[PDB]
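Okay, structure first, notes after.
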Amino acid sequence: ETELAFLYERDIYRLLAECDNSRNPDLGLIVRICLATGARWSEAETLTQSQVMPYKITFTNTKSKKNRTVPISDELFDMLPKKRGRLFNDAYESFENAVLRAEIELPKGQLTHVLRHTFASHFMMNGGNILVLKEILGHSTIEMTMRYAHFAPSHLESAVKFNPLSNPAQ
Amino acid sequence: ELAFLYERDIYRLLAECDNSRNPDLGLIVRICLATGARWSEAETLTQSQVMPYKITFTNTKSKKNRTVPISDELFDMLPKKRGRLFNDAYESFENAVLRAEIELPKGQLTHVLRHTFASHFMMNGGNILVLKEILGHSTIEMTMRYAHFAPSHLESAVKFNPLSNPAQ
Ligand SMILES: [Mg+2]
Ligand SMILES: [Mg+2]
């Protein structure tokens, strides 16, 4: 399955609706965190109150350079549970269930990465700087982010707009 | 270590060029500073490679071919002749740089104008991927050497994410 599947707006909103009606009250938020930051499933699922701060989230695996801080909206921040320790319980099993109700087809074993793919896909499609994206997802190399480059609306007419000759930066 | 020029240097360079015995020096320079063309790519530019508001550079080692758009004002001031548009402005270039009191590490002269284009392109908010094509970089690695000029804006994640602003 050569394709890195991602959801489109319509899917995205139908998935959320189903997630928000999941018998697991934490799913919605976990999915949202993922869509909003591009975090890996576990990264958002195991989130602790100390990674959350007024308008941003920090992800870390081992102190061994895996410390990323991804900015979120006031809206999302305000939705997060105020309690200490782990904000949510495990919710993966409930996810599979929601995705099915939303009529979402995905390649074998892709349910886990789909949200991250979606985030990156749209980020780039929205004109996001691939260099910023590499940091957000926490890739050790830019080659890893290159998988999302084709989404970037390329417009070479910028050479006239950004060249030193007509528009010197300094 | 790659050297590039700043506005003040650029204005003094153009000035020393608009005084060169070689009438082409100033033109070739403007080309490199607007497209990032290697020196030779612009120096040997032939009339057919030019088209209204875009230039097509070609084969260096690999038979390359890319087309960098340009401004009407740059085009409008190009030789309307045929065949090679200019002569050999390299020695004239060195002359101008020296007269401008511009110091550069060994052999940086051939690419300095292109470095300048890249650096400023990136500084001006240019898309690294676009810059990649513009310079004919086979690998994004080569282009990465300009990444540090890119203004980092992680707040953008708040406006580009599919939860709040799905592209479609
Ligand atoms: Mg099962
Ligand atoms: Mg000589």
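As shown in the structure tokens, the chain order sets the letters A, B, ...; within each chain, residues go from 1, and ligands are also counted from 1 in the order they appear.
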Write out as a tab-separated table the residues of chain A that have any atom within 10 Å of an atom of ligand 1, one row each with the nearest atom pair and its distance in Å to one decimal, counting only C-alpha atoms and all ligand atoms, sorted by chain and then rising number.
residue	atom	partner	partner_atom_place_in_ligand_line	distance
A:93	CA	ligand 1	1 (Mg)	7.4
A:96	CA	ligand 1	1 (Mg)	7.6
A:97	CA	ligand 1	1 (Mg)	8.9
Just write the chosen residues, N, CA and C atoms, as a PDB file, in the first residue's frame.
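Full text of again-v4.pdb as output:
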ATOM      1  N   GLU A  93      -8.427   1.194  21.276  1.00  0.00           N
ATOM      2  CA  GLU A  93      -9.490   0.252  20.938  1.00  0.00           C
ATOM      3  C   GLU A  93     -10.782   0.986  20.548  1.00  0.00           C
ATOM      4  N   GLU A  96     -10.573   2.533  16.761  1.00  0.00           N
ATOM      5  CA  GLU A  96     -10.897   1.584  15.693  1.00  0.00           C
ATOM      6  C   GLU A  96     -12.402   1.524  15.501  1.00  0.00           C
ATOM      7  N   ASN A  97     -13.095   1.573  16.622  1.00  0.00           N
ATOM      8  CA  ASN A  97     -14.530   1.509  16.636  1.00  0.00           C
ATOM      9  C   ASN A  97     -15.184   2.740  16.026  1.00  0.00           C
TER      10      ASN A  97
END
Original post:
Could you name the residues that touch region 43-46 of chain B at 8 Å or less, counting only C-alpha atoms, but leaving out those on the same chain fewer than 3 positions away, as a list in words?
Top reply: residues 28, 39, 40, 49, 50, 57, 82, 83, 84, 85, 86, 87, 88 and 89 of chain B
**OP:** Identify which of the residues B:164, B:143, B:58, B:95 lies closest to chain A, counting only C-alpha atoms when measuring atom-to-atom distances.
**Re:**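 For chain A, the nearest of the candidates is B:164.
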With only C-alpha atoms counted and 8 Å as the cut-off, give the residues of chain B in contact with chain A, each with its shortest interatomic distance in Å and the pair that gives it, as CSV.
residue,atom,partner,partner_atom,distance
B:6,CA,A:170,CA,5.9
B:7,CA,A:168,CA,5.8
B:30,CA,A:165,CA,6.8
B:33,CA,A:165,CA,5.6
B:34,CA,A:163,CA,5.1
B:35,CA,A:159,CA,6.6
B:68,CA,A:159,CA,7.1
B:69,CA,A:157,CA,6.1
B:70,CA,A:160,CA,5.4
B:71,CA,A:160,CA,6.0
B:116,CA,A:164,CA,7.0
B:117,CA,A:164,CA,5.6
B:118,CA,A:163,CA,7.8
B:120,CA,A:169,CA,5.6
B:121,CA,A:162,CA,5.0
B:123,CA,A:169,CA,6.4
B:124,CA,A:162,CA,5.7
B:125,CA,A:162,CA,7.6
B:126,CA,A:162,CA,6.6
B:127,CA,A:129,CA,6.6
B:128,CA,A:130,CA,7.8
B:129,CA,A:149,CA,7.7
B:130,CA,A:156,CA,6.2
B:134,CA,A:156,CA,7.4
B:147,CA,A:131,CA,7.6
B:152,CA,A:132,CA,6.4
B:153,CA,A:132,CA,6.8
B:154,CA,A:132,CA,6.2
B:155,CA,A:71,CA,6.0
B:156,CA,A:128,CA,7.3
B:157,CA,A:71,CA,6.7
B:158,CA,A:72,CA,5.6
B:160,CA,A:123,CA,4.9
B:161,CA,A:36,CA,5.3
B:162,CA,A:119,CA,5.7
B:163,CA,A:35,CA,5.5
B:164,CA,A:36,CA,7.6
B:166,CA,A:9,CA,5.4
B:167,CA,A:122,CA,5.6
B:168,CA,A:8,CA,5.9
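What separates CA of residue 145 (chain B) from CA of residue 113 (chain B) is a distance of 15.3 Å.
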Subject >> Members of region 7-93 of chain B assigned strand (DSSP E) by DSSP, as a list in words >> reply: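 Taking region 7-93 of chain B and keeping strand (DSSP E) gives residues 50, 51, 54, 55, 56, 57, 58, 65, 66, 67, 68 and 69 of chain B.
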Could you give me, as a PDB file with N, CA and C atoms, in the first residue's frame, every polymer residue with an atom at most 10 Å away from an atom of ligand 2, counting only C-alpha atoms and all ligand atoms?
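This is the output file pocket_24.pdb:
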ATOM      1  N   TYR B  90      33.978  37.441 -16.871  1.00  0.00           N
ATOM      2  CA  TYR B  90      34.547  36.978 -15.611  1.00  0.00           C
ATOM      3  C   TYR B  90      35.653  37.886 -15.076  1.00  0.00           C
ATOM      4  N   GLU B  91      36.651  38.174 -15.900  1.00  0.00           N
ATOM      5  CA  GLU B  91      37.728  39.051 -15.458  1.00  0.00           C
ATOM      6  C   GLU B  91      37.156  40.425 -15.103  1.00  0.00           C
ATOM      7  N   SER B  92      36.169  40.863 -15.867  1.00  0.00           N
ATOM      8  CA  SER B  92      35.529  42.142 -15.614  1.00  0.00           C
ATOM      9  C   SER B  92      34.835  42.089 -14.247  1.00  0.00           C
ATOM     10  N   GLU B  94      35.670  40.156 -11.534  1.00  0.00           N
ATOM     11  CA  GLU B  94      36.700  40.210 -10.498  1.00  0.00           C
ATOM     12  C   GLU B  94      37.063  41.682 -10.280  1.00  0.00           C
ATOM     13  N   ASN B  95      37.311  42.379 -11.390  1.00  0.00           N
ATOM     14  CA  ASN B  95      37.656  43.800 -11.400  1.00  0.00           C
ATOM     15  C   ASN B  95      36.623  44.617 -10.589  1.00  0.00           C
TER      16      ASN B  95
END
Original post:
Which of these residues is nearest to residue 5 (chain B), using only C-alpha atoms: B:41, B:103, B:76, B:141?
Top reply: B:103
**OP:** Based on DSSP run over this structure's backbone, return all residues of region 62-126 of chain A in alpha helix (DSSP H), as a ChimeraX atom specification.
**Re:** /A:74-79,92-101,114-125
Restricting it to N, CA, C and O atoms, dump the selection as a tab-separated table (two decimals), in the first residue's frame.
chain	number	residue	atom	x	y	z
A	74	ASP	N	-5.86	28.33	22.06
A	74	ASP	CA	-6.41	28.57	23.39
A	74	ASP	C	-7.59	27.61	23.53
A	74	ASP	O	-7.75	26.95	24.56
A	75	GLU	N	-8.38	27.51	22.47
A	75	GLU	CA	-9.55	26.64	22.45
A	75	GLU	C	-9.23	25.21	22.85
A	75	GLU	O	-9.89	24.65	23.73
A	76	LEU	N	-8.22	24.63	22.23
A	76	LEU	CA	-7.85	23.25	22.56
A	76	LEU	C	-7.36	23.16	24.00
A	76	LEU	O	-7.86	22.35	24.78
A	77	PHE	N	-6.41	24.01	24.36
A	77	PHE	CA	-5.86	24.05	25.71
A	77	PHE	C	-6.99	24.02	26.72
A	77	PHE	O	-7.02	23.16	27.61
A	78	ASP	N	-7.95	24.92	26.55
A	78	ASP	CA	-9.07	25.00	27.47
A	78	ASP	C	-9.92	23.75	27.54
A	78	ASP	O	-10.68	23.59	28.49
A	79	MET	N	-9.82	22.88	26.53
A	79	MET	CA	-10.59	21.63	26.52
A	79	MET	C	-9.94	20.51	27.33
A	79	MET	O	-10.61	19.57	27.79
A	92	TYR	N	-7.12	3.66	22.22
A	92	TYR	CA	-6.95	3.09	20.88
A	92	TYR	C	-8.07	2.15	20.44
A	92	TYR	O	-8.59	2.30	19.34
A	93	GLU	N	-8.43	1.19	21.28
A	93	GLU	CA	-9.49	0.25	20.94
A	93	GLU	C	-10.78	0.99	20.55
A	93	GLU	O	-11.49	0.59	19.61
A	94	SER	N	-11.08	2.07	21.25
A	94	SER	CA	-12.28	2.83	20.96
A	94	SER	C	-12.15	3.57	19.63
A	94	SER	O	-13.14	3.79	18.93
A	95	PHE	N	-10.92	3.92	19.27
A	95	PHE	CA	-10.65	4.62	18.02
A	95	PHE	C	-11.10	3.75	16.83
A	95	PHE	O	-11.95	4.17	16.03
A	96	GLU	N	-10.57	2.53	16.76
A	96	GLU	CA	-10.90	1.58	15.69
A	96	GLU	C	-12.40	1.52	15.50
A	96	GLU	O	-12.92	1.45	14.38
A	97	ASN	N	-13.10	1.57	16.62
A	97	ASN	CA	-14.53	1.51	16.64
A	97	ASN	C	-15.18	2.74	16.03
A	97	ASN	O	-16.19	2.64	15.32
A	98	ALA	N	-14.62	3.91	16.32
A	98	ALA	CA	-15.15	5.16	15.82
A	98	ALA	C	-14.92	5.25	14.32
A	98	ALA	O	-15.85	5.49	13.55
A	99	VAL	N	-13.68	5.00	13.91
A	99	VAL	CA	-13.30	5.04	12.50
A	99	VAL	C	-14.24	4.16	11.65
A	99	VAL	O	-14.68	4.58	10.58
A	100	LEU	N	-14.61	2.98	12.15
A	100	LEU	CA	-15.53	2.12	11.41
A	100	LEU	C	-16.90	2.76	11.26
A	100	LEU	O	-17.48	2.72	10.18
A	101	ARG	N	-17.42	3.35	12.33
A	101	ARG	CA	-18.73	3.99	12.27
A	101	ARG	C	-18.73	5.19	11.32
A	101	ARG	O	-19.75	5.53	10.73
A	114	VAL	N	-2.61	7.39	10.54
A	114	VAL	CA	-3.55	8.24	9.80
A	114	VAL	C	-3.69	9.69	10.23
A	114	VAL	O	-3.66	10.60	9.37
A	115	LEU	N	-3.84	9.92	11.53
A	115	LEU	CA	-3.99	11.27	12.05
A	115	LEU	C	-2.72	12.07	11.84
A	115	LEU	O	-2.77	13.21	11.37
A	116	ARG	N	-1.57	11.48	12.11
A	116	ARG	CA	-0.32	12.19	11.92
A	116	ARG	C	-0.16	12.54	10.44
A	116	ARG	O	0.17	13.67	10.09
A	117	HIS	N	-0.47	11.58	9.57
A	117	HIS	CA	-0.41	11.80	8.13
A	117	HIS	C	-1.31	12.99	7.79
A	117	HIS	O	-0.89	13.92	7.12
A	118	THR	N	-2.54	12.96	8.28
A	118	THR	CA	-3.49	14.03	8.01
A	118	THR	C	-2.90	15.38	8.39
A	118	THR	O	-2.88	16.29	7.56
A	119	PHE	N	-2.42	15.50	9.62
A	119	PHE	CA	-1.83	16.75	10.06
A	119	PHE	C	-0.78	17.25	9.07
A	119	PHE	O	-0.90	18.35	8.55
A	120	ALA	N	0.24	16.44	8.84
A	120	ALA	CA	1.32	16.82	7.93
A	120	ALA	C	0.81	17.17	6.52
A	120	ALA	O	1.17	18.22	5.97
A	121	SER	N	-0.06	16.32	5.98
A	121	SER	CA	-0.62	16.52	4.65
A	121	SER	C	-1.23	17.91	4.49
A	121	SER	O	-0.84	18.66	3.58
A	122	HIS	N	-2.13	18.26	5.41
A	122	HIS	CA	-2.81	19.55	5.40
A	122	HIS	C	-1.92	20.74	5.71
A	122	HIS	O	-2.10	21.83	5.15
A	123	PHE	N	-0.98	20.53	6.62
A	123	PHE	CA	-0.04	21.56	7.01
A	123	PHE	C	0.62	22.05	5.73
A	123	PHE	O	0.58	23.24	5.41
A	124	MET	N	1.19	21.10	4.98
A	124	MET	CA	1.86	21.39	3.72
A	124	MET	C	0.89	21.95	2.68
A	124	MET	O	1.16	22.99	2.06
A	125	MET	N	-0.25	21.30	2.52
A	125	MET	CA	-1.25	21.78	1.59
A	125	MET	C	-1.62	23.24	1.91
A	125	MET	O	-1.81	24.05	1.00
Original post:
Quick one: residues within 9 Å of residue 113 (chain A), only C-alpha atoms counted, chain neighbours fewer than 4 positions away excluded, as JSON, numbers by chain?
Top reply: {"A": [4, 5, 6, 40, 41, 109, 117, 118]}
Original post:
Between CA of residue 78 (chain B) and CA of residue 52 (chain B), what is the spacing in Å?
Top reply: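 Separating CA of residue 52 (chain B) from CA of residue 78 (chain B) is a distance of 10.7 Å.
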Original post:
In Å to one decimal, how far is CA of residue 138 (chain A) from CA of residue 47 (chain A)?
Top reply: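 About the pair CA of residue 47 (chain A) and CA of residue 138 (chain A): they are 16.5 Å apart.
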